[PDB]
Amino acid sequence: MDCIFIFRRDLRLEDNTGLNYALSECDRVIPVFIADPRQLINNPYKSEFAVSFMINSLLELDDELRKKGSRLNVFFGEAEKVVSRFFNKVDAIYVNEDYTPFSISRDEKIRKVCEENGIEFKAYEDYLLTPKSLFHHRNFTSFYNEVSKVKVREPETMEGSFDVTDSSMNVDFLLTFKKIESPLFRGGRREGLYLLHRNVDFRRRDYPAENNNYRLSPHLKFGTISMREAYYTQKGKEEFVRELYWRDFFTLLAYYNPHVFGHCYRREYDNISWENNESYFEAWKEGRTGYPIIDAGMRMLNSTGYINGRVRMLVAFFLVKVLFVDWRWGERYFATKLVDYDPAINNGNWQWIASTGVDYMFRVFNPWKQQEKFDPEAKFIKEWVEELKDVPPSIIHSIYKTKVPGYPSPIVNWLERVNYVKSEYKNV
């Protein structure tokens, strides 16, 4: 048959489930990418960094296609409407299903349009490491132990034929949306594999100053490499593989509990009276809070669109349990900066930290203790907080006692706040 494959979040030609079936089931396959205005224009949850990474990855994907006497066929508009106008005469349409409300309804509409035109619509599982039917767990540890026993499908690629549509635009069109690139990523599968092979001490992955994180999230989220590939390449590293499974967990959690997008996983907490002091929130986004480690984190994130998991949760903790600001505010702000923004993964993590999610205990961290343990030399802090650039570490770790020039002193006492926020939770 003459069919179409629509890329979305699986920006690669290797080990792409839906693409594989498409290549083996039809004679010619037209590789398509649809620039959707609901995602690229006036998206409150849009990240400029994430977009650049996607565009760059889309540019790289286009090269791989040209090396096969084809090219990426680009269209513009809402997915369902695009299919409707341009593909009404194609045989079938292949894709990889996703798990968010937006994605689910978008595919339902494409399905309707497909039935009323005689186009076969085939969606396949690809983003997850495990089959979705296998989910039915309260917490992560329960999930991992049960599902990790299952065998991960091995990467594979089918041979086929890539065709083109003269009408369609080409990747050049997408350059309008690439406005500001992360100095820390370049996108594409080639960079992805390079990162996948750096040998780091994952053991010390908590220390920001060190370089022990693979920085693979954006590549996994946008699919320059498959979940299965990351898995087999690192199969021997238990720590990394278990963390890889956290992606599946949060995705599936959201898939089976759509209400997380807008409400608390544990609904009762939808009654918390967030102080939401717009003033503190503004200080948090600018990294002008009085805590060095928190300031360093936000500042890095702002200019880079990335921060390791340790800083990520310290920052999230501080906004929710110390400045007492609704986690949804932080969720949205992050969605705005993360080069690796993933709706379900971002949501899952925020709720976890705000303890309105999968973690049922009311977890608390000591900013100063934390700061001093994971950045003993204050190297990370000095790298991102301009003003403390020359203050000796010893002082920085106690900067609440002093008051260096140009650096605001703590905007609140975390201890008193955390106690109040908790009482407010128990109150509920």
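Numbers follow the displayed sequence, beginning with 1.
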* Asked: Per the entry, where is the mean C-alpha temperature factor higher: 405 to 413 or 9 to 17?
  -> 405 to 413
* Please work out which of 191 to 199 and 77 to 85 has the higher mean CA B-factor as recorded in the PDB entry. => 77 to 85
* Structure fact -> In this crystal structure's PDB entry, the residue among 400, 45, 49, 33 with the greatest CA B factor is 400
* Which has the highest CA B-factor per the PDB entry: 250, 143, 274, 121? -> 274
* Structure fact -> Here the Cα B-factor of residue 39, set against its chain, lands in the third termed lowest
* **Third of chain Cα B-factors occupied by residue 269** => highest
* Structure fact -> Chain thirds by Cα B factor, record data; residue 55 belongs to the lowest
* Asked: Going by the entry, which third of its chain does the Cα temperature factor of residue 155 land in?
  -> middle
* Please place residue 231 in the lowest, middle or highest third of its chain by C-alpha B factor as given in the entry. => lowest
